[PDB]
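One structure is given here, and the rest of the page talks about it.
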Amino acid sequence: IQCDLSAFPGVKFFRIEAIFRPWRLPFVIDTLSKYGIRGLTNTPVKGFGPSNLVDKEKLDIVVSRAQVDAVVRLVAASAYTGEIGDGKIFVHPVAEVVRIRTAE
Amino acid sequence: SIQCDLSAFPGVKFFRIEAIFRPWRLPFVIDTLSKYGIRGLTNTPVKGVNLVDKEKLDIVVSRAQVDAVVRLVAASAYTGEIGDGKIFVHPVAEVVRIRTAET
Amino acid sequence: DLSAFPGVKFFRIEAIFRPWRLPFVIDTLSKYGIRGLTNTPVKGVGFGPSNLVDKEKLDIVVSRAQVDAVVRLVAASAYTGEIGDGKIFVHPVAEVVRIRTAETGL
């Protein structure tokens, strides 16, 4: 996996958003935590009509430009089950990151 | 018709359309999208602020589809009364399918 | 610094912080005049031992000129000074459409 970030010259940070099967959540969290990635935020979400709404898990992680490929690979590998419906990972550009405790 | 200004994002191939609207209109918006052949909707209940329940729906679509999809959502969520909500269009740098590793 | 996004008019401020600070952040923003806040409960991560911790997410879309002031107000209101106060992210937005009117931009 190699993400093309060429449309965002100068962008230092990106958000990795993964939407995947709920039962894989602990596996993804464990992988990321063991690799030293922090800042995970998890939201339960739903992903034909409303009857076809099923539970999914959303995980967002902000990383630096140079980290994107490695982190996407970790997430994909742990969310993977080899079957249709495994979900998708989206990479979004971020303009600024501010830590509340130390902000001006 | 609605024409979204994507001019500040040249070379961006995918965009996320995020709609925040009345919860009772969820089935109508979903049906409209399904009929047009959209897949991959994510829905989150959220609150607006006097905190009021709203429904959020996100869809990632190709650049060429943005206007058509924005129009469809706008149309189906519309009532004309104050509080109908908003649609935001966001740039997406990459899309990766978990099962295949394809980008 | 927003200089990697020339041409972008609107930005989304996303704050992820302690739930007990939520009423304070809302009041601060309201009194200041900010409208259009959206709030979502989310979970942070604190096999191997990890723990999901409740957080509040607040999103506000503002004009480029309003970004610094709004980020400051949110930081000030969400702060406690202890480890675990959370983060504020600023994201570029391409378009804003008001459903009632089909108005875009502003």
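Starting from 1 in every chain, residues are counted up; chains themselves are A, B, ... following the order of the structure tokens, and ligands are numbered from 1 as listed.
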
(Q) Please find the residues of chain B near chain A - the criterion being any atom within 12 Å, counting only C-alpha atoms - and write them as an MDAnalysis selection string. (A) chainID B and resid 8:16 24:46 55:61 90:103

Kindly assemble as a tab-separated table a list of the chain B residues that lie within 9 Å of chain C, each paired with its nearest atom pair and their distance in Å to one decimal, using only C-alpha atoms, sorted first by chain and then by ascending residue number.
residue	atom	partner	partner_atom	distance
B:1	CA	C:102	CA	8.2
B:2	CA	C:102	CA	6.4
B:3	CA	C:104	CA	8.1
B:4	CA	C:95	CA	6.0
B:5	CA	C:95	CA	6.2
B:6	CA	C:94	CA	5.9
B:7	CA	C:7	CA	8.0
B:8	CA	C:7	CA	5.2
B:9	CA	C:94	CA	7.5
B:15	CA	C:94	CA	8.9
B:20	CA	C:38	CA	8.8
B:21	CA	C:99	CA	8.4
B:44	CA	C:40	CA	8.5
B:45	CA	C:40	CA	7.7
B:46	CA	C:40	CA	5.1
B:47	CA	C:39	CA	5.1
B:48	CA	C:38	CA	4.7
B:49	CA	C:37	CA	5.5
B:51	CA	C:39	CA	8.7
B:54	CA	C:38	CA	8.7
B:70	CA	C:97	CA	8.4
B:71	CA	C:102	CA	8.8
B:73	CA	C:99	CA	8.7
B:74	CA	C:99	CA	5.4
B:75	CA	C:99	CA	7.9
B:77	CA	C:99	CA	7.2
B:78	CA	C:99	CA	5.9
B:79	CA	C:100	CA	6.8
B:80	CA	C:100	CA	5.0
B:81	CA	C:100	CA	6.7
B:82	CA	C:100	CA	6.9
B:83	CA	C:100	CA	7.7
B:84	CA	C:100	CA	5.6
B:85	CA	C:99	CA	5.8
B:86	CA	C:98	CA	4.7
B:87	CA	C:97	CA	4.9
B:88	CA	C:96	CA	4.7
B:89	CA	C:95	CA	5.0
B:90	CA	C:93	CA	4.9
B:91	CA	C:94	CA	6.7

Q: From the DSSP assignment of the backbone, select every residue of region 12-61 of chain C that is helix (DSSP H, G or I), and format the answer as a PyMOL selection string.
A: chain C and resi 19-32

Selected residues, N, CA and C atoms, written as a PDB file, in the first residue's frame, please.
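Writing the result to result18.pdb gives the following:
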ATOM      1  N   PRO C  19     -15.289  15.018  28.670  1.00  0.00           N
ATOM      2  CA  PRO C  19     -16.728  15.301  28.650  1.00  0.00           C
ATOM      3  C   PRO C  19     -17.196  16.380  29.637  1.00  0.00           C
ATOM      4  N   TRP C  20     -16.622  16.468  30.844  1.00  0.00           N
ATOM      5  CA  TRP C  20     -17.115  17.399  31.844  1.00  0.00           C
ATOM      6  C   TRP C  20     -16.899  18.851  31.435  1.00  0.00           C
ATOM      7  N   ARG C  21     -16.044  19.077  30.430  1.00  0.00           N
ATOM      8  CA  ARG C  21     -15.744  20.439  29.942  1.00  0.00           C
ATOM      9  C   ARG C  21     -16.757  20.831  28.862  1.00  0.00           C
ATOM     10  N   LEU C  22     -17.530  19.903  28.337  1.00  0.00           N
ATOM     11  CA  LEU C  22     -18.427  20.257  27.236  1.00  0.00           C
ATOM     12  C   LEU C  22     -19.337  21.453  27.461  1.00  0.00           C
ATOM     13  N   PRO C  23     -20.031  21.528  28.622  1.00  0.00           N
ATOM     14  CA  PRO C  23     -20.947  22.652  28.826  1.00  0.00           C
ATOM     15  C   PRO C  23     -20.204  23.985  28.845  1.00  0.00           C
ATOM     16  N   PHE C  24     -18.954  23.961  29.309  1.00  0.00           N
ATOM     17  CA  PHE C  24     -18.133  25.129  29.359  1.00  0.00           C
ATOM     18  C   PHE C  24     -17.698  25.620  27.969  1.00  0.00           C
ATOM     19  N   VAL C  25     -17.296  24.695  27.125  1.00  0.00           N
ATOM     20  CA  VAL C  25     -16.876  25.000  25.792  1.00  0.00           C
ATOM     21  C   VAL C  25     -18.091  25.515  25.026  1.00  0.00           C
ATOM     22  N   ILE C  26     -19.237  24.857  25.143  1.00  0.00           N
ATOM     23  CA  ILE C  26     -20.445  25.364  24.452  1.00  0.00           C
ATOM     24  C   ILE C  26     -20.821  26.765  24.887  1.00  0.00           C
ATOM     25  N   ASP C  27     -20.780  27.028  26.179  1.00  0.00           N
ATOM     26  CA  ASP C  27     -21.133  28.355  26.695  1.00  0.00           C
ATOM     27  C   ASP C  27     -20.164  29.404  26.184  1.00  0.00           C
ATOM     28  N   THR C  28     -18.887  29.097  26.209  1.00  0.00           N
ATOM     29  CA  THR C  28     -17.869  30.010  25.781  1.00  0.00           C
ATOM     30  C   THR C  28     -18.104  30.349  24.309  1.00  0.00           C
ATOM     31  N   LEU C  29     -18.291  29.342  23.484  1.00  0.00           N
ATOM     32  CA  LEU C  29     -18.517  29.597  22.058  1.00  0.00           C
ATOM     33  C   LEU C  29     -19.837  30.358  21.783  1.00  0.00           C
ATOM     34  N   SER C  30     -20.892  29.993  22.468  1.00  0.00           N
ATOM     35  CA  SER C  30     -22.160  30.645  22.314  1.00  0.00           C
ATOM     36  C   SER C  30     -22.085  32.136  22.635  1.00  0.00           C
ATOM     37  N   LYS C  31     -21.500  32.409  23.810  1.00  0.00           N
ATOM     38  CA  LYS C  31     -21.420  33.783  24.259  1.00  0.00           C
ATOM     39  C   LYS C  31     -20.614  34.594  23.313  1.00  0.00           C
ATOM     40  N   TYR C  32     -19.625  33.992  22.696  1.00  0.00           N
ATOM     41  CA  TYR C  32     -18.781  34.678  21.728  1.00  0.00           C
ATOM     42  C   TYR C  32     -19.423  34.905  20.373  1.00  0.00           C
TER      43      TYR C  32
END

Q.
Using only C-alpha atoms for the distances, tell me which of A:74, A:62, A:98, A:68 is nearest to residue 33 (chain A).
A. A:74

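Between chain C and the residues A:52, A:41, A:102, A:31, the shortest atom-to-atom distance, using only C-alpha atoms, involves A:41.
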
Q) So what do you get for CA of residue 104 (chain A) versus CA of residue 60 (chain C), distance-wise? A) 19.5 Å

Wanna dump the chain A-chain C contacts at 8 Å for me, each residue with its shortest atom pair and the distance in Å to one decimal, counting only C-alpha atoms, ordered by chain and number, as CSV?
residue,atom,partner,partner_atom,distance
A:8,CA,C:4,CA,7.8
A:9,CA,C:4,CA,7.1
A:10,CA,C:4,CA,5.4
A:11,CA,C:4,CA,6.0
A:26,CA,C:47,CA,7.8
A:29,CA,C:45,CA,7.9
A:30,CA,C:47,CA,6.5
A:34,CA,C:48,CA,7.9
A:38,CA,C:45,CA,7.7
A:39,CA,C:45,CA,7.1
A:40,CA,C:45,CA,5.6
A:41,CA,C:44,CA,4.6
A:42,CA,C:43,CA,5.0
A:43,CA,C:42,CA,5.1
A:44,CA,C:42,CA,7.9
A:93,CA,C:91,CA,6.8
A:94,CA,C:91,CA,4.8
A:95,CA,C:91,CA,5.2
A:96,CA,C:90,CA,5.0
A:97,CA,C:89,CA,4.8
A:98,CA,C:88,CA,5.0
A:99,CA,C:87,CA,4.6
A:100,CA,C:75,CA,5.1
A:101,CA,C:81,CA,5.5
A:103,CA,C:75,CA,6.6
A:104,CA,C:72,CA,7.0

What does the file look like for those residues with C-alpha atoms, as a compact mmCIF listing (two decimals), in the first residue's frame?
# COMPACT_ATOMS: atom_id res chain seq x y z
CA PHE A 8 -1.27 18.19 -0.86
CA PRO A 9 2.22 19.72 -1.13
CA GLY A 10 3.32 21.22 2.16
CA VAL A 11 0.70 19.45 4.27
CA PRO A 26 -9.70 -4.84 19.63
CA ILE A 29 -6.30 -1.16 18.75
CA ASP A 30 -3.83 -3.80 19.93
CA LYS A 34 1.95 -2.29 20.34
CA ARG A 38 -1.26 6.85 20.13
CA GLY A 39 -4.14 9.28 19.75
CA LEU A 40 -6.74 6.72 18.60
CA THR A 41 -10.33 7.98 18.57
CA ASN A 42 -13.15 5.44 18.09
CA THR A 43 -16.76 6.13 17.07
CA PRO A 44 -19.49 3.47 16.63
CA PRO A 93 -5.38 16.28 5.00
CA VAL A 94 -5.05 18.22 8.34
CA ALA A 95 -4.10 21.87 8.54
CA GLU A 96 -3.12 22.25 12.27
CA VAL A 97 -2.80 20.14 15.41
CA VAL A 98 -3.06 21.92 18.80
CA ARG A 99 -2.53 20.23 22.15
CA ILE A 100 -5.02 21.77 24.58
CA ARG A 101 -2.91 21.46 27.70
CA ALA A 103 -1.80 25.84 23.75
CA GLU A 104 -1.44 29.67 23.67

(Q) as a PyMOL selection string, please: every residue in chain C that a backbone DSSP assignment puts in strand (DSSP E). (A) chain C and resi 10-17+38-45+52-63+87-93+95-98+103-104
